[PDB]
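Enquirer: Got an experimental structure here, sequence first:
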Amino acid sequence: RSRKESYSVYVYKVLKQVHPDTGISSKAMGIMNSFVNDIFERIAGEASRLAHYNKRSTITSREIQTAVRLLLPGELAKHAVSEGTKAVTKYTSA
Amino acid sequence: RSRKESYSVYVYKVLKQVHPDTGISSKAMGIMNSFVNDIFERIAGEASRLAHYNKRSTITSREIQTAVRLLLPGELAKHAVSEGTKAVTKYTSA
Amino acid sequence: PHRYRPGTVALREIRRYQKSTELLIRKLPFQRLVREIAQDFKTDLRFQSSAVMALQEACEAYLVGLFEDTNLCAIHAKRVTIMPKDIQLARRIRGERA
Amino acid sequence: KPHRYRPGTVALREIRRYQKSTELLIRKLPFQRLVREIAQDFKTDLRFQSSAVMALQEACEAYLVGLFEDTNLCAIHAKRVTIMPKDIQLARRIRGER
Amino acid sequence: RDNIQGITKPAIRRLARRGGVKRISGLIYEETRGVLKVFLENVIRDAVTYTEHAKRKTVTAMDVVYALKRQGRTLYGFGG
Amino acid sequence: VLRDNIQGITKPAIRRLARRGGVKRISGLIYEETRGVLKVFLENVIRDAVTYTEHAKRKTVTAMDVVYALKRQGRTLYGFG
Amino acid sequence: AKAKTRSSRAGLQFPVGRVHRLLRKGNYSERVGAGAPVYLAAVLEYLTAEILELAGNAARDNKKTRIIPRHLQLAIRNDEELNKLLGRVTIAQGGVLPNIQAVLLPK
Amino acid sequence: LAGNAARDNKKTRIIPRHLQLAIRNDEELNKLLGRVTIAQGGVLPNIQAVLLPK
DNA sequence: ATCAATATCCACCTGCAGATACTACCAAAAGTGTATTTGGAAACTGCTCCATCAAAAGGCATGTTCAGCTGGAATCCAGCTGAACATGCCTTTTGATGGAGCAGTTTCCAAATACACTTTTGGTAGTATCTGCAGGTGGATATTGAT
């Protein structure tokens, strides 16, 4: 009884959102899982470093915002920052 | 007004061991501190990764040994491994 | 009899192999080479199939990138033939020799 | 009737002189003004420590020296001794910066 | 044990055609064989280190993925 | 404000930087080219540095921010901490 | 009772207790063994002694008695394994290695 | 991006080749993922101008 | 083969910034000693995937030939870069000043941890169903290359 968690169903939801009638193979889905894991580890490592530099003991939204700004370029950084900010305000105001 | 720890005195002891009558400037000592900190963080990060891969919760001597082997090349790896092993046996047998 | 001029089949092959995604080395020779190389670090190792597949993907990507760099170093000297000194320059600049 | 060195002599002498030394090769004040101008383009009303601008200077000089070495290699590859912009572009492309 | 001549000359020429090369010297084949053997032993050393640290005898795909990632050559697709 | 300071990197300074790199003969078009390169480099570091400074809610750029930026771009620097 | 420290127990010069504390506080794992700081201290001391011996030989070669960053750079760049361990670091006030291509020389 | 590539090659199902074509053809993605290898991805069709005939 | 003009190295000297050093102290830390808890080593076992043959079958590699075209060597020349001198200008050093911002001190309170409980829910395994696509076949045409 050994499981194996993955982001397959969430990637599938996003795909059905942006392309309602296109599918995806299994190897492309493995590529997408690898991509999500890689970017997650990058952002989390950078935020941990930022928290250590300032002698803080907590990872908050500002650490994630600054890590996003340090990692993504230009268009990507701007739009990701806007998306995350909107998400956090929508979450707290609910 | 808070103190600032460093490896100055230990580097000085090692120097007086290998070169009994040579001194060292202050900028070279800052270089040596930077070097020690950098190598320490490299080894410790690699050992942490190794411990996470095997779903272990403890950093032991084997993790440090494998990190040393993964980071240093050839001569350096061999001699560092021998030195650390001798140190650990000398420590436990005392 | 019909004969193409030297260089036509070359560009035809270039387009063909840049349109494709296959592997360009045979699998059994690469497997034997990998096992023989691993023979010196430890004896009696086993390999999953996906391990050798990953090794092959990585090696082919590396070599194709190196060949692009070599082609640039060749064109820089006003040639079209790649020579070993172009490979050596590309690797020296990348830092793989230095 | 006055003494003149042949072209390339003072250049080799200067090569030895500047490879034997460790000083900085850019004036401090122009570099500091340049750094402050760029920073102002990024965020207004900034301040700087002295060691920060010194670190920036050391890093930038090391970068440019390494780039010039790679450029020299690319130039010699083409059977020249004069470095030209296309060599800088080839070096920066093989390195992976453009 | 010439398993390095298993990488035939037409195979290297195919690899060169994919990289956009239009003409190939005759001394290129030995050079690429040397380069490839260097790269391969560099990767397999760390793969076998990762393996024997875990006290296993079978080299897994994840060991190769880690050995590649530590060289700065991340590889997507075999993360399972 | 201050504008047009890239010209303070004079031709003799670039010639010296090239001498330390082993370069014997220099084209006349190199200087301009070089300046561009340098500017790009600085803009990539200072930005990162400033991103650290605003994170701590500071207003002065310290040497540690520069060292962190250089390290995160793979250009580690020993001597300043 | 009488308290002898850990670095003396292991026969080292570097601090074992400080390395233990740095391994704990640095957030690397949730537990830390007893021999890990000893191993790490021994490795760090070995590397420092290696690089310092090379730098001192360089310094005594240039007829000086006190090491400066130039000597550290000359030691690092002249050894294969050190230069390949530290291939991507910049040493402030270090300079470069004297080296001119053969084709640029006269004759 | 990958779906646009897939629909461009008259297909209905994304494969790794389409992911590679999407990544390599965009500046910011190619510069974010500049050092990754996608298995079964291939390369971008591109021949130097000097190698063409005439 | 010679000579003469320039630049570099070395012996001598000295002023001074820097390394070595107590003294004090002092606060922060490392070591000892228990008690508790839990993660990891040993043992067993099941079952899955890796190594080894067997064995056609045909697609790819190898050796050979011929010829074309490319790389390299040799002249030749012009323009572009180096070397040197005169001028001036702007960087550097030293000192002083204002003062803005950083770092330490204290409060306190909003927010994150730790447990116990309950409800989904996403992931494995069959089990099943359907169909987008890779492989095969025919026919049009786009391109090359010698006349």
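Expert: Received the coordinates, thanks. Numbers count the residues shown, from 1 in each chain, chains lettered A, B, ... in the order given.
Enquirer: and whichever residue of chain E sits closest to chain H, how many neighbours?
Expert: Taking CB to the nearest CB as the measure, chain E has residue E:77 as its residue closest to chain H, at 3.3 Å. The way it works is simple: take the backbone N, C-alpha and C, and place the C-beta from them, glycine included. Using other CB atoms under 10 Å in any protein chain shown, residue E:77 has 25 other residues around it.
Enquirer: which one is it nearest to, not counting chain neighbours?
Expert: residue H:39 (3.3 Å; CB to CB, 6 or more residues apart in numbering or on different chains).
Enquirer: Show me which residues of chain A sit near DNA strand I.
Expert: A:3-6, A:8-9, A:58, A:60 (CB under 7 Å from any atom of the strand).
Enquirer: Buried among the residues you listed? Make that a PyMOL selection.
Expert: To isolate the buried subset of those in PyMOL, counting by 16 or more other CB atoms under 10 Å in any protein chain shown, use the following:
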select buried, chain A and resi 6
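Enquirer: quick one, phi/psi of the residue nearest to residue E:77?
Expert: Backbone torsions of residue H:39, given as degrees, to the nearest 10, read phi -60, psi 140.
Enquirer: same deal with the one 10 residues further on?
Expert: In terms of degrees, to the nearest 10, the main-chain angles of residue H:49 are phi -70, psi -30.
Enquirer: can you put the residues of chain A next to DNA strand I in JSON lines and add secondary structure?
Expert: As requested, the residues of chain A next to DNA strand I are exported to JSON lines (DSSP: H, G, I helix; E, B strand; the rest coil):
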{"residue": "A:3", "secondary structure": "coil"}
{"residue": "A:4", "secondary structure": "coil"}
{"residue": "A:5", "secondary structure": "coil"}
{"residue": "A:6", "secondary structure": "coil"}
{"residue": "A:8", "secondary structure": "helix"}
{"residue": "A:9", "secondary structure": "helix"}
{"residue": "A:58", "secondary structure": "coil"}
{"residue": "A:60", "secondary structure": "coil"}
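Enquirer: Would you mind measuring from residue A:35 to chain D?
Expert: To chain D, residue A:35 is 21 Å away according to CB to the nearest CB, to the nearest Å.
Enquirer: For that residue, give its distance to chain F.
Expert: 21 Å.
Enquirer: Three-state assignment for that residue, please.
Expert: Classification of residue A:35 using three-state DSSP returns helix.
Enquirer: Need the nearest residue in space to it, chain neighbours excluded.
Expert: residue E:76 (6.4 Å).
Enquirer: pretty sure that neighbour is touching residue A:39, no?
Expert: No - Residue E:76 is not in contact with residue A:39 according to CB atoms under 8 Å; the separation is 11.3 Å.
Enquirer: If you count surrounding residues, which of those two has more?
Expert: Legend: neighbour count by other CB under 10 Å for residue E:76 and residue A:39, higher for residue E:76 (24 against 14).
Enquirer: and that one, what does it touch?
Expert: A:30-31, A:34-35, A:38, H:36-39 (CB atoms under 8 Å, 6 or more residues apart in numbering or on different chains).
Enquirer: please redo it, this time with the cut-off set to 7 Å
Expert: A:31, A:34-35, H:36-39 (CB atoms under 7 Å, 6 or more residues apart in numbering or on different chains).
Enquirer: any chance of those in JSON lines, plus neighbour count?
Expert: Below are the contacts of residue E:76 laid out as JSON lines (neighbours: other CB atoms under 10 Å in any protein chain shown):
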{"residue": "A:31", "neighbour count": "27"}
{"residue": "A:34", "neighbour count": "21"}
{"residue": "A:35", "neighbour count": "19"}
{"residue": "H:36", "neighbour count": "19"}
{"residue": "H:37", "neighbour count": "20"}
{"residue": "H:38", "neighbour count": "24"}
{"residue": "H:39", "neighbour count": "21"}
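Enquirer: Go through those and name the one nearest residue D:58.
Expert: residue H:36 (32.1 Å; CB to CB).
Enquirer: Which strand or helix spans the closest residue to residue A:64 other than its chain neighbours?
Expert: Nearest in space to residue A:64, with sequence neighbours left out and distances taken as CB to CB, 6+ apart, is residue A:47 at 5.6 Å. Assigned by DSSP states H and E, residue A:47 belongs to helix A:26-53.
Enquirer: if I look at the residue nearest to residue E:77, how far off is residue E:48?
Expert: 22 Å (CB to CB, to the nearest Å).
Enquirer: Stretch G:18-29 and DNA strand I, are they touching?
Expert: Yes - applying CB under 7 Å from any atom of the strand, one finds that stretch G:18-29 is in contact with DNA strand I at G:18, G:20-21.
Enquirer: Tell me which residues are up against that stretch.
Expert: Contacts for stretch G:18-29 (CB under 7 Å, 6+ apart): B:44, B:47-48, B:51, B:57-59, G:32, G:36-37, G:40-41.
Enquirer: mind putting those in TSV, distance to residue E:58 included?
Expert: Output for the contacts of stretch G:18-29, formatted as TSV (distance: CB to CB, whole Å):
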residue	distance to residue E:58
B:44	29
B:47	24
B:48	25
B:51	21
B:57	25
B:58	25
B:59	25
G:32	30
G:36	28
G:37	33
G:40	30
G:41	35
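Enquirer: ok, back up a step: and the gap between the residue nearest to residue E:77 and DNA strand I?
Expert: 16 Å (CB to the nearest atom of the strand, to the nearest Å).
Enquirer: for residue C:20, same thing?
Expert: Taken as CB to the nearest atom of the strand, the span from residue C:20 to DNA strand I is 11 Å.
Enquirer: next one: residue E:46
Expert: Residue E:46 is 19 Å from DNA strand I, by CB to the nearest atom of the strand.
Enquirer: and residue A:47, what does it touch?
Expert: Counted by CB under 7 Å, 6+ apart, residue A:47 has contacts A:59, A:63-64, A:67.
Enquirer: how near is it to residue A:40?
Expert: 11 Å.
Enquirer: and if you look at residue G:22?
Expert: From residue G:22 to residue A:40 the distance is 27 Å (CB to CB).
Enquirer: same question, residue E:19
Expert: 33 Å.
Enquirer: ok, the two, which is more surrounded?
Expert: It is residue E:19, of residue E:19 and residue A:40, that has more neighbours when counted by other CB under 10 Å, with 22 against 11.
Enquirer: Dihedrals phi and psi, the more buried one?
Expert: Dihedral angles (degrees, to the nearest 10) for residue E:19: phi -80, psi 0.
Enquirer: Surely it touches residue C:68?
Expert: Yes - using CB atoms under 7 Å as the test, residue E:19 is close enough to residue C:68 to be in contact (4.8 Å).
Enquirer: residues contacting residue E:58?
Expert: Going by CB under 7 Å, 6+ apart, the list of residues near residue E:58 reads C:46, C:48.
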